[PDB]
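Engineer: Need coordinates for the following:
(8 chains, ligands or ions: 4)
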Amino acid sequence: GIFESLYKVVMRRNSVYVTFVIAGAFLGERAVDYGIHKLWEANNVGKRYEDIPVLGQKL
Amino acid sequence: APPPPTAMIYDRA
Amino acid sequence: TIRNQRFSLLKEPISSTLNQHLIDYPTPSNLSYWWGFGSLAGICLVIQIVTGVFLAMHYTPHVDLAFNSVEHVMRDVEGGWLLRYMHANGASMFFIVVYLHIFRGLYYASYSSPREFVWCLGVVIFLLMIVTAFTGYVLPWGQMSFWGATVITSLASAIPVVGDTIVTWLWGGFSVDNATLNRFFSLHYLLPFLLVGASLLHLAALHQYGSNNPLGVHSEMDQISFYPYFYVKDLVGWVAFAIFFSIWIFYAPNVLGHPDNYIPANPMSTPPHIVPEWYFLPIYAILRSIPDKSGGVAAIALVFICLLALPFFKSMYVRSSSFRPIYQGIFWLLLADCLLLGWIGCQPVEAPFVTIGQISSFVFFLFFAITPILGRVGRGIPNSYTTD
Amino acid sequence: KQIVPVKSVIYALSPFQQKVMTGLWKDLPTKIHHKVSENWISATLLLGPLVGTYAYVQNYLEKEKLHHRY
Amino acid sequence: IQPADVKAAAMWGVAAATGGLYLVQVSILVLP
Amino acid sequence: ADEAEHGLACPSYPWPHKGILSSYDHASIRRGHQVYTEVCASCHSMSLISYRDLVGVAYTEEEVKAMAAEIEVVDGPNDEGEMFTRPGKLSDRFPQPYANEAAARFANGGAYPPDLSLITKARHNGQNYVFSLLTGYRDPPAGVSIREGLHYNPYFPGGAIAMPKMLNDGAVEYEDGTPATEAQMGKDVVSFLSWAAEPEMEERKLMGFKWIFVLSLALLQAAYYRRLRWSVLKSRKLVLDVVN
Amino acid sequence: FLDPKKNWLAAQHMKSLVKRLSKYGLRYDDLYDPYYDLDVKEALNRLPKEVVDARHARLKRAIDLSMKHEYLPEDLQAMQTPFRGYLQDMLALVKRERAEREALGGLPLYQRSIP
Amino acid sequence: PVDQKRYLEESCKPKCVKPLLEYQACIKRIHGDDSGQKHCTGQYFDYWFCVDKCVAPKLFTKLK
Ligand SMILES: CCCCCCCCCCCCCCCCCC(=O)OC[C@H](COP(=O)(O)OCCN)OC(=O)CCCCCCCCCCCCCCCCC
Ligand code: HEC
Ligand code: HEM
Ligand code: HEM
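Structural biologist: Residues are numbered from 1 along each chain as shown, chains lettered A, B, ... in the order given. Ligands and ions are numbered 1, 2, ... in the order given. Right below this line is the structure:
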């Protein structure tokens, strides 16, 4: 199984396990942040600061 | 249904 | 076993006390999650201490600078709104968790022998929490902060012979001004460490006399080590609490407060609705319900006397509420009364709330006055229900 | 703080030979029935005073306001 | 036993460095 | 009586920045800052918001620099001990219209126009209350004739408020040609005020969403961990040598 | 005192206690903690070893069931004697001995340690 | 620059005419009295509470 394969890969020495945990934490946090950012931008279209019609017309 | 006082050991003691 | 060569680090003298009292302490095998609430209260205290230190790195205890300093923390400091919301809502969750702790103790009659010292140290801890939260709430220096400080400190005048002297001495200068602000900042910073000491004594006394269980029975037959069996249970509790507290911090951070504390203190005008924080509301309701403010202070002292007098009751043989239907109903009625009492304290003194509060406080003391009667009758039970 | 032995015989199975998240779902209807039939009285004594007092308060406030309405 | 010990020490050092980078993400130091 | 004392209750408007995933309408924040500068800054003050707070929120940095250079503020002593006025920079807070509370009360008939920085967090049901207060300048009911020098406003506690009806149709000319009406002006100014009271709302909401989701996954893991560690105890069979 | 066989409320109370105690497979006397009174401790010391051991077995079974979140099977619930007490007589004798000892100038044979 | 709020409240005026009728009944009673304190702000509050509850979503869906 995939679980047994990945176990035989990264669950025989604790050092590799801790490195994998840290790398997975970083990657997962980045992935969740990207997903939430996409969701937020989809939900709040038009209201952003970057897309207001008079952003540079006061000058 | 419950056993009588004599049908055990701790109960008899 | 002669310890010639060392086997395990946990049994070495450096980690021996920690080993015993954290890893190897035998615990009843049938504990539910309210013991997790006790551990959770400990964690809330630690969170409060850490966030408070990092907040005090930016707070100015002067009357002319406190409010703007807090707004500094919210607007300018890098991730400072998180620190402030964590501190405030963490005070709220600390009180929520301690209330659940106390009510589990009441339900399972954990105050009974031999844990009288545990219960008494808990009462002292509750007093310390009340004082610390009050003096801390004075710190932001808003309308509610200043006026609540004024009222709660000025009700200390009810002492017969030395009331006015104590009020003036605590005020430091005929009012609740800058001197009181500095005084309260120093005391708010100091008290949590006494609270840590009290918590350690609390845990030491409990560890002396074991721990109760949902059955209230002797529990030295089936006991298991604290780690890992109850560490994982406490961990589930901690993660659930973290989700709850994160709901409060990020989405509804000002629900548990009043909007009058965002106005700078103005001792000239008076806000129309002066109430303490939600977790002082039951006590405030009792005190407000009983008129003749000297009587109110006496009534608060009586509340704490009753709380201290619970453990020292006469017969009280059967402990848990699972085998005490009458006491189970009495406890649920008391909890409903406490919730109603808390709700009354936020209402004005106009009718019918005066009648409702004067009934609710009486019912509170009635609960505290009818537990020995149940204990005596229960002591009378066994020689009547015999089936033979 | 001594330990009282009982003279039992205990068989236990390793945690890796058991289903770990199925007992929560095995008997949901029976468990809901047990909770309700065991705690309905306590629920009444808890939520009874609260709801009764709330109804009384709103009722009296309605009467008072309508009476003072010129 | 020494080769295994030094291999394990190096593995723990790699783990420690990974934890350090995770705590303090420094592309400023990574790029050169 | 008590009803007028506590004021007519404010409804629940569907604000664009309400919801677990909802952001400020930044165009509306810009419009609200315009209306505040035009009509509300004559009497009210903010004193908690710097010009740099508008950079990246409603205005671009050069626009904020020009706007700050418009006004002049007093700067500390020079090499002669004298005081002087220099055009405002990108760090100065919003100008104050009155010298102090006494001058404000004297100019506004004893009533002090409150500081507007935290106005929506300093009132119960803040944003709805502010919008209703601004829009609801109604004809007083029958036989309740209020004194001269005030105005009737059902939402204000007591019914009598000290500021006159400010928001009028066509009061300002919006930059982007949005038709200025009383309701639109009120919506924009309340959006701006709610941003001013809470400039961290968007970051707070994003953090809350991410961490509630992540901690929910953690809770599932912790529950599984506890069940796994306790399963050697809960599924055990013991023989005790006793019946009743 | 009109508890038994003449009070409907007392009959209901007895029914509820029987239900709960038989449900966990306990007895009423097993609810008496030795640490609570220090007279229960002396009574349990004086009781025969078979009775004390049966009490401990019932207590261990009850705690096991409480952990597992389940009750006795209906068969063992039927074969229950919740009120076949074993401790009341010895406890009363111990209390009476204490009563006379305090009545006429005697030190207590045991005291609670200050915690 | 016709006020959306005023137009919408005028449109929803005939939705809950019952509080308005009660308010008019008080108006007639007060006109008959002409000497007392004669406020009856309660009818005013009820009627305007109903209108405000009506004009809650429509206002913002009509605003720019
Ligand atoms: C207007 C002014 C006067 C106001 C007060 C007047 C009324 C006073 C009280 C009258 C009623 C008293 C009832 C006492 C007898 C209860 C009998 C009993 O225990 O019945 C057994 C029942 C067991 O429940 P269960 O196990 O679910 O039943 C299934 C059975 N197979 O057990 C139960 O259902 C448990 C019931 C517990 C009830 C506890 C509360 C009522 C009794 C004490 C009242 C004290 C009042 C003051 C203190 C209040 C709290 C602070
Ligand atoms: C000078 C005239 C103005 C102008 C141009 C504005 N306001 Fe208002 N305002 C003024 C006074 C003198 C007072 C005090 C009234 C009193 O509290 O008795 C106020 C009050 C407010 C309030 C507070 C209402 C309350 O606390 O219930 C608010 C929220 C308020 N003013 C807002 C506001 C806004 C948004 C304005 C721009 C359109 C504005 N005011 C203009 C005096 C004046
Ligand atoms: C600072 C707040 C508090 C902390 C950190 C705290 C901590 C603890 C801890 C760690 C335990 C042991 C674990 C447990 O049983 O849950 C405990 C038990 C206990 N606490 Fe507290 N406690 C606090 C407040 C209180 C209060 C206010 C009371 C009541 C006055 C109280 C009464 C008890 C009782 C009776 C027990 C016995 C537990 C049992 O019977 O199983 N505690 N407390
Ligand atoms: C030694 C640890 C602590 C320090 C240094 C500390 C320091 C502070 C400081 C500086 C403030 C004002 C900052 C602000 O306004 O947000 C504050 C506020 C407060 N503190 Fe603490 N505190 C500590 C522990 C506690 C504890 C244990 C409690 C009890 C729960 C508590 C309750 C409060 C409350 C209620 C406030 C007011 C919340 C508010 O700002 O609205 N503090 N504390």
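Engineer: use CA for all of it now, contacts and neighbours both
Structural biologist: OK.
Engineer: Check which helices and strands the strand or helix carrying residue C:362 sits against.
Structural biologist: Under the criterion of DSSP states H and E, residue C:362 resides in helix C:353-369. If contacts are counted by 3 or more CA pairs under 8 Å, 6 or more residues apart in numbering or on different chains; DSSP states H and E, helix C:353-369 sits against helix C:281-289, helix C:293-309, helix C:325-345.
Engineer: could you check the angle helix C:281-289 makes with the longest one?
Structural biologist: This means helix C:325-345. 70 degrees (axes from the mean of the first three to the mean of the last three CA atoms, to 10 degrees).
Engineer: wait, does helix C:325-345 contact chain D?
Structural biologist: Yes. Helix C:325-345 is in contact with chain D by CA under 8 Å from any CA of the partner chain, via C:328, C:329, C:332, C:333, C:335, C:336, C:337, C:340.
Engineer: Could you pull out the buried residues of that helix?
Structural biologist: Neighbour-count burial for helix C:325-345 flags C:327-345 (criterion: 16 or more other CA atoms under 10 Å in any protein chain shown).
Engineer: Equivalent analysis for the second one, please.
Structural biologist: Within helix C:293-309, the residues that qualify as buried by neighbour count (16+ other CA under 10 Å) are C:293, C:294, C:296, C:297, C:299, C:300, C:303, C:307, C:308.
Engineer: Close to ligand 2 as well: tell me which of those qualify.
Structural biologist: Applying CA under 6 Å from any ligand atom, the subset of the buried residues of helix C:293-309 adjacent to ligand 2 is empty.
Engineer: Pick out the residue of chain A closest to ligand 4.
Structural biologist: Going by CA to the nearest ligand atom, ligand 4 is nearest to residue A:33 of chain A, at 28.7 Å.
Engineer: give me the element that residue is part of.
Structural biologist: When elements are assigned from DSSP H and E, residue A:33 belongs to helix A:14-43.
Engineer: same deal with residue H:53?
Structural biologist: Per DSSP H and E: helix H:41-54 holds residue H:53.
Engineer: how about that helix as PDB, C-alpha atoms only?
Structural biologist: Output of helix H:41-54 as PDB, limited to C-alpha atoms (Å, rounded to 0.1, in the frame of the first residue of the first chain):
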ATOM      1  CA  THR H  41     -43.800  58.300  21.000                       C
ATOM      2  CA  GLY H  42     -44.500  54.600  21.200                       C
ATOM      3  CA  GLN H  43     -46.700  54.600  18.100                       C
ATOM      4  CA  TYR H  44     -44.000  56.600  16.300                       C
ATOM      5  CA  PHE H  45     -41.400  54.100  17.300                       C
ATOM      6  CA  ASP H  46     -43.500  51.100  16.300                       C
ATOM      7  CA  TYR H  47     -44.400  52.600  12.900                       C
ATOM      8  CA  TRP H  48     -40.800  53.700  12.100                       C
ATOM      9  CA  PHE H  49     -39.500  50.400  13.300                       C
ATOM     10  CA  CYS H  50     -41.600  48.600  10.800                       C
ATOM     11  CA  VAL H  51     -40.600  50.900   8.000                       C
ATOM     12  CA  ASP H  52     -36.900  50.600   8.900                       C
ATOM     13  CA  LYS H  53     -37.200  46.800   9.000                       C
ATOM     14  CA  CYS H  54     -38.800  47.000   5.500                       C
END
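Engineer: which residues touch that helix?
Structural biologist: Residues outside helix H:41-54 that contact it (CA atoms under 8 Å, 6 or more residues apart in numbering or on different chains): D:69, F:3-4, F:8-12, F:141-142, F:154, H:9, H:12-13, H:16, H:19-20, H:22-23, H:26.
Engineer: Starting from it, tell me the next helix or strand along the chain.
Structural biologist: Note on helix H:41-54: by DSSP H and E, the next helix or strand toward the C-terminus is helix H:56-62.
Engineer: List the buried residues of that next one.
Structural biologist: By neighbour count on 16+ other CA under 10 Å, the buried set for helix H:56-62 is H:56, H:59, H:60.
Engineer: Tell me which of the helices and strands packed on helix C:353-369 lies nearest to residue F:188.
Structural biologist: Among the helices and strands packed on helix C:353-369, the nearest to residue F:188 by CA to CA is helix C:325-345 (37.0 Å).
Engineer: does any bit of the closest one sit next to ligand 1?
Structural biologist: Yes. Helix C:325-345 reaches ligand 1 (CA under 6 Å from any ligand atom) through C:325, C:326, C:329, C:330, C:333, C:334.
Engineer: just checking, what packs against that helix?
Structural biologist: Applying 3+ CA pairs under 8 Å, 6+ apart, we find helix C:325-345 packed against helix C:80-107, helix C:281-289, helix C:353-369, helix C:371-380, helix D:28-68.
Engineer: quick one on the thing from earlier: considering the buried residues of helix H:56-62, which is situated nearest to residue F:67?
Structural biologist: residue H:60 (30.4 Å).
Engineer: Hmm, the closest one is touching residue F:14, no?
Structural biologist: Yes. Using CA atoms under 8 Å as the test, residue H:60 is close enough to residue F:14 to be in contact (6.9 Å).
Engineer: Can you get me a residue count around residue D:43?
Structural biologist: Using other CA atoms under 10 Å in any protein chain shown, residue D:43 has 13 neighbouring residues.
Engineer: repeat for residue F:160
Structural biologist: If we define neighbours as other CA under 10 Å, then residue F:160 has 19 of them.
Engineer: Now it: closest residue in space, sequence neighbours ignored.
Structural biologist: Distances taken as CA to CA, 6 or more residues apart in numbering or on different chains place residue F:152 nearest to residue F:160, at 4.7 Å, with adjacent residues excluded.
Engineer: isn't that neighbour right next to residue F:134, touching?
Structural biologist: No. Taking contacts as CA under 8 Å, residue F:152 lies outside contact range of residue F:134: 11.8 Å.
Engineer: follow-up on the earlier one: any chance of the helices and strands packed on helix C:353-369 in JSON lines, with distance to residue C:112 too?
Structural biologist: Shown next, in JSON lines, are the helices and strands packed on helix C:353-369 (distance: least, CA to CA, whole Å):
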{"stretch": "helix C:281-289", "distance to residue C:112": "24"}
{"stretch": "helix C:293-309", "distance to residue C:112": "11"}
{"stretch": "helix C:325-345", "distance to residue C:112": "14"}
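Engineer: Dump the ones you listed to JSON lines, plus distance to ligand 3.
Structural biologist: As requested, those are exported to JSON lines (distance: least, CA to the nearest ligand atom, whole Å):
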{"stretch": "helix C:281-289", "distance to ligand 3": "15"}
{"stretch": "helix C:293-309", "distance to ligand 3": "8"}
{"stretch": "helix C:325-345", "distance to ligand 3": "15"}
